[PDB]
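Each remark here refers to the structure printed beneath this line.
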There are 6 protein chains.
Amino acid sequence: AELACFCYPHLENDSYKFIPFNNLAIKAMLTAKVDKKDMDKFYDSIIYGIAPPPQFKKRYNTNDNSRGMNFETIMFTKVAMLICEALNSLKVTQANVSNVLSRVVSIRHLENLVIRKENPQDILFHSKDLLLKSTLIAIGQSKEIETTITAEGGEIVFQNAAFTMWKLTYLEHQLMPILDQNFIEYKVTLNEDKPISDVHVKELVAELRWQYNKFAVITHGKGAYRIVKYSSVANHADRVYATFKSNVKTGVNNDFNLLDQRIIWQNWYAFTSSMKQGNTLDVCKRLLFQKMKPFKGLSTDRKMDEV
Amino acid sequence: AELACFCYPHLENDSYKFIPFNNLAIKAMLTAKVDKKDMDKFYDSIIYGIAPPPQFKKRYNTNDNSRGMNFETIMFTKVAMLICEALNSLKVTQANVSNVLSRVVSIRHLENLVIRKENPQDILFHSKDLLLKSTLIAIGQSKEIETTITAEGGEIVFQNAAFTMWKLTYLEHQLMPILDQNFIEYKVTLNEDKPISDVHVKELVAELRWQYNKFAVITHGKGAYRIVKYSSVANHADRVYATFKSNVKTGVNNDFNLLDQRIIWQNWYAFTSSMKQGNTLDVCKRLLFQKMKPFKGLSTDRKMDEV
Amino acid sequence: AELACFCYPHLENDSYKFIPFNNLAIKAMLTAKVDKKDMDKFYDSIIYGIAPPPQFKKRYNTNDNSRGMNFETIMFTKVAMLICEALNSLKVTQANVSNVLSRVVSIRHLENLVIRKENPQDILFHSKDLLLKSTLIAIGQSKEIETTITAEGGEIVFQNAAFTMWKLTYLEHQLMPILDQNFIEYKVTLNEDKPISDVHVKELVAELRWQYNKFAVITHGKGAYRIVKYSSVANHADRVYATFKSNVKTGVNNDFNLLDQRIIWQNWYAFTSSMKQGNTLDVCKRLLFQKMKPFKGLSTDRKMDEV
Amino acid sequence: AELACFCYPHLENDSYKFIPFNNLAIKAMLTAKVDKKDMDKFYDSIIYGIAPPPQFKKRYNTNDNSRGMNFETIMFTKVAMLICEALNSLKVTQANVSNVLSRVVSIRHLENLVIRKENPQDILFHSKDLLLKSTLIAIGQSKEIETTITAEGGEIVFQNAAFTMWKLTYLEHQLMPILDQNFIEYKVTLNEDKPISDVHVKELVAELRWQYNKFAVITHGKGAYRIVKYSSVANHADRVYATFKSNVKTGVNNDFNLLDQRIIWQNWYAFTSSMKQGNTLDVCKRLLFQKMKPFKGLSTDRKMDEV
Amino acid sequence: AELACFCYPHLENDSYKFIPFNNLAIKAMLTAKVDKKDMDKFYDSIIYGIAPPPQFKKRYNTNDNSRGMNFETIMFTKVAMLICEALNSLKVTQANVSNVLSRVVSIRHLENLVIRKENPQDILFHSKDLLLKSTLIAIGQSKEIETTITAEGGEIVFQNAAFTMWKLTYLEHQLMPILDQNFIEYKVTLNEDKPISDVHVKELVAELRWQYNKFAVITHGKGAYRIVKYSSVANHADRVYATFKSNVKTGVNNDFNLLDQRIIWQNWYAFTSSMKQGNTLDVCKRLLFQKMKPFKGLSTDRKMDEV
Amino acid sequence: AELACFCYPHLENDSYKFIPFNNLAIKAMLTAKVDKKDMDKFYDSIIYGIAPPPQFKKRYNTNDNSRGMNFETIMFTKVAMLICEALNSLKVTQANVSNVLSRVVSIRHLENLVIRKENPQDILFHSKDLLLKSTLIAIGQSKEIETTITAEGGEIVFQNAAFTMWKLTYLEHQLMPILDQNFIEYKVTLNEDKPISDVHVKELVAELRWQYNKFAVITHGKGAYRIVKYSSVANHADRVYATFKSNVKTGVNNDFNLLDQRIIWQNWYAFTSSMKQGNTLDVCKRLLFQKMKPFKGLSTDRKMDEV
């Protein structure tokens, strides 16, 4: 999921521009015999242009690899272009080139932006500005946080004055869909990164308790709630901790937003808050299984409405 | 069926213009939690633009509502545009905005115009003028009456020097088709709103008696005959009476054209004429079931032709 | 439509038995070069058994004949068997063999019996007795008249205490279906060949006037009403007159039952009654086009029910 | 849903036997003109045998009726046979004939038994005894209560030492399926009609709270829990009250089993318990909307398991 | 893969008989809430009969488990029957019941026997004797070794005077097929468990070198060669070592037949021979990666034939 | 396969231009009766333009000829255009016209170029220069040798610093595909026509021995390796010898590049080297069957990698 999997740099017109790879060039690369010291260099397919460094092979699916991406689809091309336009608007310098490209990002998030972008009803279709801003945050090249308007997208299943809830269409993705057919994940974005009233929070918590009782409300600390099956918070806990460590080992400032305590699942708030307080993985995961104790009457109200 | 279900007003360039809704914006609105005092205001979906007031929800079909319209079809879009072009040619003022938009109209009539408009053989395809005039009468913003050239359309099943008979293709509609598969309805329009000869009337009555003996000839008082199954005149009687009352309660001038007595079904002429004389619903419906008594030899002639 | 098209006689066990033809044997016959004096003899295909006399060739469809029957279907076989069982129960003698077999009958009527016979819900499926009686009348080897229980069949579209109305499924036949896709014909059979009350007649005439106004009520004189389009009574008039002549030329007693005058279409009753009075074809057909003059209130009642 | 819709009585061999109707006989009946005083007598189709009294017409679907059953399917036949075998094992007397046959029962319940019966893995397939007992309770001719082994059936979605939970496959029924595609209903049967431990009850309540939070736990008083959407308890409340009245007006002993108070939804227990105390409909329905107040920690446990 | 997954014991007629499970009974079991001390007891589904102990749940596929078997196929039933007939011919005693049933066997091997058995051209179809003997060795209840005639089966791709080579059709299995679409595995069985000539060995080694150069020739020590991709010998090495340990820990006599040294792949013969000499896993696997050194001219001969 | 099968010359603008034939014109020609002395002249179809000389008839497939090409496909047109653009860039003179056009070339090679050309990822799509150069060598009008960049194309199955290996997609060709479904052929092109290191040769020989052990490495002497089944080198040997003779009889300089001795199959190098030394066909083919004798350890290395 490194940006180097979709494009390569080219100083042209005294500046850094980025070019999408040709899937056939990637195809050729995957069949190449490469001298060891060249595993980290761009590959010349001769017939189809430059291709990613052979050290990234495992990122692409083959008849003996399904943990990668389906680079021979259109989406791959579209996702690559999406990345390039955003990177080109940055005018990166030799100094930063490898850093940007070495950055691992979410392919699903990017495919979702493509789907927004190519949709004439979606603002992103009408605003190169928002589109760029939305992509920039998605590829870690922006400080702003993802809000409703800049969201990766999906199917809106609930909306309020303060939040917007999306169903992540990952199962139906072309590039790198989720493989487990029993997967189901939602995302809640703030419409505005400003203070929210108790009332408009109550509405959100009521909808999650009623419509999604079998889901845990968590967050990856980037300003958005993630709705995941309770039987999945373990993995989520794992990956977020890794990412926390990485930045601690990478020196990268870990700015984890715990979000509203009233909304996040108890155990998660614990595991997470512990992590921030700079703790160990094992000490953290303890709290996810630790059956704890500490709005109300919501289910009853919604129940009564229905009746 | 209120015009507010397809568009919203926007004072731009010092005048009122109307914009079609995005189905996805409507989609989002239908999943929204709305504070009570906002049920009558346009909804901001954020991602897809403005959407109709949430007080109109029941106008759209969902997995738990089939009494609405299939707003996620193209037709919806087309019908919305149709309405907008017509409304824009009016240059409505703040004073009249809500009135026009609050007006309930027939969606089927509008889908039928779209079908005429997009048909290169149909004049409406070649005349923005007629098209506008045809739409204006359809959305109650014109005084002229619907005649053959401005008809909602359908399949011409009979034509004369004075009339044109159309089969209403409602079953095969995209936006809001009739659901009962045993439905069948025709419409007869005058080619010209001028006096008609006895002869050219005789031809029309002969075709209705022969080809449509199981149909009642009625009218909704807007200048056109409606051919409906006898097992349906009850509902028709109901809705036309309501509309009569509404305008009496709304102060709106009720100008009901009873049309030719020689053509309209006896009982209907009664029920209707009674209504005009300002009577009660119950007093009116009496006459539809009251087996009464009072051209001829027509069936015999047509019968002889056949043989 | 001669019985000789489905079977051949074989004196075995000192009596006449009849055998169904093999379609392939018929197939071979149709490709045979036959000496003139053999056109009226059964054909030996050698490989597939006996086949009908080559003088009947035009009775079978080929790539250059569609006025015949589709003898290569199962139905052909079934219809042949049907005929044989009935003929075998007669124990025909040398004296009568050729007469029975030379008799022209209706193939559609026979296919309809097969459909009744093979239907477990139909009595004919449970009674070899009725089945035989029904077939015997169909192949002109019985004096009884076709009544509801012995009817050729079809879809019951109306039933009363005295009559049963059937839709003739000829379009969907396998052996010799009607080719004109705009064909539509009904048949009314008496449930009992006894006197019928005025009331139970009124019900029948009311259903024909309401539900079938574009149909003429006639009869071929064999005791059953035939409901045919007015644009078809001409042909019907023709064929029935021919059949009348044939029997007059054949000496065969013409017993034509005009049926109830109150039900039969006026002009038809005339044309027919004239025919019986022993008249000319031209003198007879005159009356079908002669726009004449002489129960009531029926349509109004049915109309009122509907409303 | 009266038993008279599937069979008719025939005293043969000095006893009452019951015979299934032929769908074509029903078909004919539906097209019959019947003298008023005969609306309550069995109809003779002549060709297809006896048919139900024409007063039951609305029980069968036609091109202008979808509130009936699809009698032209196999299921109809199967369901009819099912009923007959059970009724025949009773040896009903002239005295009781009309009572048994006039009894309204659930067609869906009967189709479900057919599905059990014809399933070689299901005991009912191997035991004419249980099958009969299961049918007898289903057609109100038995005092025993429906338990797991005699259940109408469906898909087992949960099972315990004391209960068995079934998904009602009504949407996929042939004879009289539910038409609303958003329908979903479950049924919980006791494996034994004996006292149940608190523990094995706790398991049942935990599964309903976790897996079916959007469902109300009610009962029709016949010894089994019914799991229905909260947006449906209104209708359920209505029909059960009617049935309560009917038996009070019919003098039929109303033995309504309120079932465990710990399991039944609060408001329902109220509405129901009120009904038994002999109260009014309006006084009863009050309690369904009356947001009340009065095991625990279950959701938390199940939540923890998942994690 | 324990025999307890397909059947249960029943002392009937003073002896032990085994019965196949009903898939629906297994289905119910998988939805059951079971008290801990009952995880090792047979489950009573009530409606579908006995089912396997809930402790084996993971052996069956569900919407959240693909590492099990597709028990709802016919094959499951067939494989179960296959096992039962064989076990019933043993007349097992209370003393041995649990041992036999606790035995883990290969499901693919059993599905392959079913395919042989149901094939009229295959001897196993004509000999209950061989069939039983073939099954008995497959479920570890026989001392004889699998030879060509008693082979699990597959597609014969090569045959000699001494051996028979089969392609394992695992990908196309119904019950528990291989999931990796790039899987390919062969099996070589001796036609007779007697000494083989050098010549008829040479033919076998020549066919493996030419036609299967990218395959390693190994064995699981039960008397048959297994042809597997070199990129798979690692797993094979793992599982065979485990099985070796198990029997050492289980006290079960480990009789591993290294087979011909001239045929088995060098490294495998090492790894294996080491294992027998009673060594450690790590010490054993060393030799599989240890690029060693020590018939000929075979490829050249085959190459020349082709040309 | 003569260039005259796709185009005809036309001196226009004082120079030679070439025009593609219309398939329908060819179609007409194939049905023409031609006077003998006209078999070598272009044919005038009158309606579809000029067509090839009737002496080439056997080059086109008909309902009684499958040894030709499917000229009624698009590919035919495309391949013709491809040839014309290349020939037009030559500005051929009257003196050379017939020579160029009489030249027999490979149609498959040309279809492959079309596939490269029309592929936006392929350089040939972006460079009229390379495209022309690639075509020119393919139609024998260039001295340069085919290298990776100018290759006919196919699916890249292996690539190195010095070579590129392609799978010839001949089976799936439109114009003149290979008919034997068991056909399989590869081509190895040098990326640069410069000296290659021993190492980068070793990689190529290792991939051929491992992945293609059942294939002979040969060459047609034009600078590229051809990978063919050993059961096919006979034909290859035949055709290359013919071509050698032709040029010796045609006086055309035979410049046959034997390519690397370390890579070419032994026997082939012999047969070929013999041919060059100017020998007889029979003397040459001897060596292909003569089982001879004279890098290593490669298979073992690759084998070890896999494990």
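Every residue number used here counts from 1 along the chain in the order it is shown.
In case you wondered, yes, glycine gets a Cβ from its N, Cα and C as well.
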Quiz item: Which one, A:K57, A:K58, A:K143, A:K187, is listed by Swiss-Prot in the same ATP site as A:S106, A:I107, A:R108, A:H220, A:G221, A:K222, A:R226?
Solution: A:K187
Quiz item: Of all the Cα pairs drawn from A:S106, A:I107, A:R108, A:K187, A:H220, A:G221, A:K222, A:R226, the residues the record ties to ATP, which distance is largest, in Å?
Solution: 19
Exercise. Please state whether DSSP places A:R108 (ATP binding site) in a helix, a strand or coil.
Key: helix
Quiz item: Residues with Cβ closer than 8 Å to the Cβ of A:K187 (ATP binding site), same chain and 6+ apart in sequence?
Solution: A:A151, A:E152, A:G154, A:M165, A:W166, A:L168, A:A224, A:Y225, A:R226, A:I227
Quiz prompt | List of residues, in chain order, with Cβ under 8 A from that of A:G221 (ATP binding site) and at least 6 apart | solution = A:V240, A:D255, A:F256, A:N257, A:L258, A:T272
Self-check item: Assigned element (helix, strand, coil) containing A:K187 (ATP binding site), judged by DSSP
Solution: strand
Quiz item: Hey, does DSSP put A:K222 (ATP binding site) in a helix, a strand, or just coil?
Solution: coil
Quiz item: For A:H220 (ATP binding site), what residues in its own chain, 6 or more apart in sequence, show a Cβ-Cβ distance under 8 Å?
Solution: A:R226, A:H236, A:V240, A:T243
Exercise. Could you say which of the binding-site residues A:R108, A:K222 has its Cβ with the most other Cβ atoms inside 10 Å?
Key: A:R108
Self-check item: Set of same-chain residues at least 6 away whose C-beta sits under 8 angstroms from A:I107 (ATP binding site)
Solution: A:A1, A:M69, A:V79, A:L175, A:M176
